[PDB]
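J.: Got a sequence here, can you build the structure:
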Amino acid sequence: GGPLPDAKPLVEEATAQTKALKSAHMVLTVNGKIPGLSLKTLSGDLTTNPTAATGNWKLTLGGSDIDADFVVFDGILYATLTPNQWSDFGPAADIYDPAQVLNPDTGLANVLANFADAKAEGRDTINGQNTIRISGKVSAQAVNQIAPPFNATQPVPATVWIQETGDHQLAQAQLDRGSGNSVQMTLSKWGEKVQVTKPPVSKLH
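T.: Residues are numbered from 1 along each chain as shown. Shown next is the protein structure:
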């Protein structure tokens, strides 16, 4: 689709836009295995100030695939243990505060601000939009801050895809823990209004 643009202006533009992000739809995927992570995939909508989230996930615990819906509302994590039966699992922060992903100081914006050696590698269509695929290395600090289970000890090879046009939002990011084991996040619907209310709980609360 033509010559590739320089990576550096796009990374810088995406950093600034990401820093400003209040909300987005996200799809998270774990490839292979990352110690300390049972998550296989998760899809949902996140908003911040105040923090609210809603979606579904697929986990592996023991040798079982487990699907669930989840809500984070007013600091509390709720999930369905059986279809459409909502349970209260206490402070979301005790597991992972979803706002961490979009924290302007320590979230995805910081990942981009600490993304070194950026090089445009190619062009991919993601969710109907041209994006530039860019290789780089993210500092171990930034990785561990956004994803503590990852447990990086040196720069983490990474790929980001940034909208070639428009606001140059971050479309997708992947952090490579080695030999095909990776964590990926795909972002869309930047700035969408998100609808989350406290899930229905029995009177016996």
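
J.: now stretch 104-119: how far from the chain's centre is it?
T.: 13 Å (CA atoms, centre = their mean, to the nearest Å).

J.: quick one: contacts for residue 28?
T.: Residues near residue 28 by CB atoms under 8 Å, 6 or more residues apart in numbering: 39, 41-43, 183-186. Just so you know, the C-beta spots here come from the backbone N, C-alpha and C atoms, and that holds for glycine as well.

J.: Just the buried subset of the residues you listed, please.
T.: 39, 42, 183-186 (16 or more other CB atoms under 10 Å).

J.: quick one, what contacts the residue sitting nearest the centre point of the chain?
T.: With distances taken as CA atoms, centre = their mean, the residue of the chain nearest its centroid is residue 185 (4.4 Å). Neighbour list for residue 185: 26-29, 101, 108, 172-174 [criterion: CB under 8 Å, 6+ apart].

J.: can you give me the strands in this structure?
T.: Applying DSSP state E to the chain gives strands spanning 23-31, 39-47, 52-61, 64-73, 76-82, 85-91, 115-126, 129-138, 156-163, 170-178, 181-188.

J.: Strand 129-138 and the longest one, what's the angle between them?
T.: Direction vectors for strand 115-126 and strand 129-138, defined by axes from the mean of the first three to the mean of the last three CA atoms, to 10 degrees, enclose an angle of 160 degrees.

J.: and among the strands of the chain, the most buried is which?
T.: strand 156-163 (a mean of 23; mean count of other CB atoms under 10 Å).

J.: rewinding a little: which member of the contacts of residue 28 is positioned nearest residue 113?
T.: Nearest to residue 113, judged by CB to CB, of the contacts of residue 28 is residue 185 at 16.4 Å.

J.: Which strand residues bridge that closest one?
T.: Per DSSP bridges, the residues bridged to residue 185 are residue 28, residue 173.

J.: measure it to residue 165 for me?
T.: 21 Å (CB to CB, to the nearest Å).

J.: Contacts only, for the closest residue to residue 200 other than its chain neighbours.
T.: Distance criterion CB to CB, 6 or more residues apart in numbering; nearest residue to residue 200, sequence neighbours excluded, is residue 86 at 5.9 Å. By CB under 8 Å, 6+ apart, the contact list for residue 86 reads 71, 78-80, 199-201.

J.: what about the longest helix in the protein?
T.: helix 7-20 (DSSP state H).

J.: Mind listing what's buried along that helix?
T.: 7, 10-11, 13-15, 17-19.

J.: could I get those as a markdown table with distance to residue 114?
T.: Output for the buried residues of helix 7-20, formatted as a markdown table (distance: CB to CB, whole Å):
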| residue | distance to residue 114 |
| --- | --- |
| 7 | 15 |
| 10 | 16 |
| 11 | 11 |
| 13 | 16 |
| 14 | 13 |
| 15 | 10 |
| 17 | 16 |
| 18 | 12 |
| 19 | 13 |
